[PDB]
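Chains here go by letter, A, B, C, D, E and F, matching the order in which they are written, and residues are numbered from 1 within each.
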Amino acid sequence: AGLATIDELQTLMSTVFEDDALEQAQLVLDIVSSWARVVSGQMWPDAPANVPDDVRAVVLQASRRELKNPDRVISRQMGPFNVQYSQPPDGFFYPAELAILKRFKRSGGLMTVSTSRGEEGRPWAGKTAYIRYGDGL
Amino acid sequence: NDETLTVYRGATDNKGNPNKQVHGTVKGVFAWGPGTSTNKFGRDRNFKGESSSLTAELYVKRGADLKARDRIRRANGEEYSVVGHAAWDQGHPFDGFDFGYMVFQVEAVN
Amino acid sequence: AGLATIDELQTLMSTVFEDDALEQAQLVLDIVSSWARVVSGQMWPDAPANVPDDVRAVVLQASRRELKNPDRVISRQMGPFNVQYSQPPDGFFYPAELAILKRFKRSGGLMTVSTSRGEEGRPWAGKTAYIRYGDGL
Amino acid sequence: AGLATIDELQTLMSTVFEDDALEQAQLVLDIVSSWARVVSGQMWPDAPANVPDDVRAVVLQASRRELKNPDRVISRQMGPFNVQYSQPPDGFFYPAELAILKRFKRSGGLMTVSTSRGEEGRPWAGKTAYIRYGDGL
Amino acid sequence: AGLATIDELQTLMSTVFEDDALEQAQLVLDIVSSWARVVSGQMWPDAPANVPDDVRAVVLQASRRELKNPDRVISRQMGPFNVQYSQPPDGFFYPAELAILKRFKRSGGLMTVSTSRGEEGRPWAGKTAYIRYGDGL
Amino acid sequence: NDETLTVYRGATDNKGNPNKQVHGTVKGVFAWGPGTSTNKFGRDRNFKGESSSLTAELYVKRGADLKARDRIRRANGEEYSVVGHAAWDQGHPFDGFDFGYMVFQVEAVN
């Protein structure tokens, strides 16, 4: 895993991760990369090699929303200072971000399932009863 | 989260000589204001020199080793003194639920 | 049970569990792992061996939410400090997490039930009345 | 990537970026350029050469919102000073910005998918059985 | 680009632009002119020559809105003074401004797309088989 | 945005002679009122002449070079004095989030 590295995340957050903060950030980034992989449906064997800029953006944004504001909070204040956040998404990615991740899915995403009437089928009951009446060609 | 606080305990005798020793470490947080504002800093005025006076609120876990008439030192170096028994140290009058939090009106002098 | 271990949870929470906190965290993680297992429908015999990253992320997040607040609380404040969390999920998992967990279910999840008209069926009333009139081949 | 440069962004923000702020701004601009590229569907090989004014405007504005609003906040106040922003968009671009970006898409955007009934097709079963009865012309 | 100049904007705002404020205002005006051009669909080769009063009004208004608040603030206060603006437009323009801009579009704006059934068409299979049986006239 | 502030640092010795020198420049903003009103201007009364007294709040970035018992000069020429340790200089007790802002009760004398 690990679609994104830790240096560009540090530059985006304008801070440096050290001690357990680095380990926590790495774990969060791995979790977000796994979620993006399962949403998109691809595998990305060489993780930090191809890793298109769209998935890098998505994983970096989700890692930011996880490191900052870990537990979903609407309004948080201590004393005179107050701040109110927007509505958190159900998952780590906003609905707009999910559309970008689902781009890599084959076709338009309208995959189908082949149903059956509980029947196996034997397409030979009537053909093997023929007796060779020729030269064997 | 919380930050450790050094507590000093001592009882003054008839001789008037305080004997304050280390009683351990207590976990608590500070609140420099009752609401959305901050308490004004007092002026010594009469005292020869310059100083300040402050009255803050200390939030500590229930059943802590901290008790009134003690001294509190923060992690930066300033030393505070706490006086008066803890307030809101009771359960719910209707049901009996316990918040587990108490307020200490600690006086900041440094 | 125990899909996730305790070290990565400690790194995610940036804290160390000791005394009854470790036991409580282990019990909560086991409960969440059981819920994820029953939602997905799989068994995972060797728990911390295969344990895909998706279920690890889901159980870690659910354990984090459970440990942050055991009783479902919207707004909690003590003096000047105030905090107001978002709407808690009905269960231990958000709808997105539940959808991710239901990935392992066979097909698209549209499983069916075979109904009957209260009949057993005897497909032999009319075939065994035939009397062998040949050579017994 | 990098549809827009950093000088015009600095003029728009009326500030100068230095230390890691310049790196953070460049990373945000690259992320926004990638998102605009994937939304529009084009490639723009020479990034700061053609780069129509519409996409430049979109990426500059999105970078401005991202820099001035890292975490989506509705109302933020510190003491007497207070400020309340509008509703943040789901993605980095507002619906009007998304519509402008989708201009470069071919036709009206009503692209279709060619379905099939699981059949390959052999349009030669009946034509190759003819035997040449002429002069071979 | 640059449908409007900077002197009439200065008169409208009753202020004089200098240092980076002039450059920021020019960049904002160029962005707004590009957006108005792409919305209307025309080109306006000689920008400050024909430039009908409608588009001048639209671009000046949009520049004023952008300069007044780039963060789309709803309510902003510092101390005793408070101010609360109305709902900001989506991209840059209110629906009336967009309707005025779309005036220059051909017809009523109900443009159509010519669909096809994936067929090229050969309107000559049957006409070239005729053999000239006359005088060649 | 913010405006640069000149900070003067000095510790008075037993001789009572202050030694204040330039410690650098600090970025901060002023707030002449706790809420929707403004603080009243004090009257010297006893002092021979005319003067004024003011108590404002200074907002500065976390981890700034500014410290208590210092002097602050604005960009217009007035010189202020800041006393008392910074308030609200702690993280979130529940989670641990950091605002990065602190309040200084600076006394305006000019």
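FYI, a contact is a pair of C-beta atoms (placed from the backbone, for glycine too) under 8 Å apart; a residue touches a chain by one contact, two chains touch by 3 or more.
Trainee: Find out how few touching-chain steps suffice to connect subunit E with subunit F.
Mentor: Each step joins two touching chains, and the minimum needed here is 1.
Trainee: Give the chain pair, either A-B or D-F, that is connected by more C-beta contacts.
Mentor: Between the two chain pairs, D-F has more contacting C-beta pairs.
Trainee: Pick the pair from A-B, B-C or E-F whose contact list overlaps the D-F contact list by over half.
Mentor: B-C
Trainee: Please work out the Cα centroid separation of subunit C and subunit E, and write it as a whole number of Å.
Mentor: 52
Trainee: Centroid from C-alpha atoms only, then distance subunit B to subunit C, rounded to Å. What do you get?
Mentor: 48
Trainee: Give, as an integer number of Å, the spacing between the C-alpha centres of subunit E and subunit A.
Mentor: 37
Trainee: Give me the residue numbers in subunit F that touch at least two other chains, ranges are fine.
Mentor: 31, 33-36, 57, 87-88, 92-95, 99, 101, 103
Trainee: Give me the residues of subunit E that touch two or more other chains.
Mentor: Residues 79 of subunit E touch two or more partner chains.
Trainee: With touch defined as at the top, which chains are paired up in contact here?
Mentor: A-B, A-C, A-D, A-F, B-C, B-F, C-F, D-E, D-F, E-F
Trainee: Which stretch or stretches of subunit F touch subunit B in the complex?
Mentor: 12, 34-35, 55, 57, 69, 83-85, 87-88, 90-96, 103, 105
Trainee: For the complex, give me every residue of subunit C touching subunit F.
Mentor: Counting only subunit C, the residues touching subunit F are 76, 78, 81, 83.
Trainee: For subunit B, which residues are in contact with subunit F within the complex?
Mentor: Going through subunit B, the ones touching subunit F are 1-3, 29-30, 32-33, 36-38, 40-41, 50, 52, 54, 59, 76, 78, 108, 110.
Trainee: Considering the complex alone, what residue numbers of subunit F touch subunit D?
Mentor: Against subunit D, the touching part of subunit F is residues 29, 31, 33-36, 57, 59, 99, 101, 103.
Trainee: Considering only the defined contacts, which subunit E positions touch subunit F in the complex?
Mentor: 79-80
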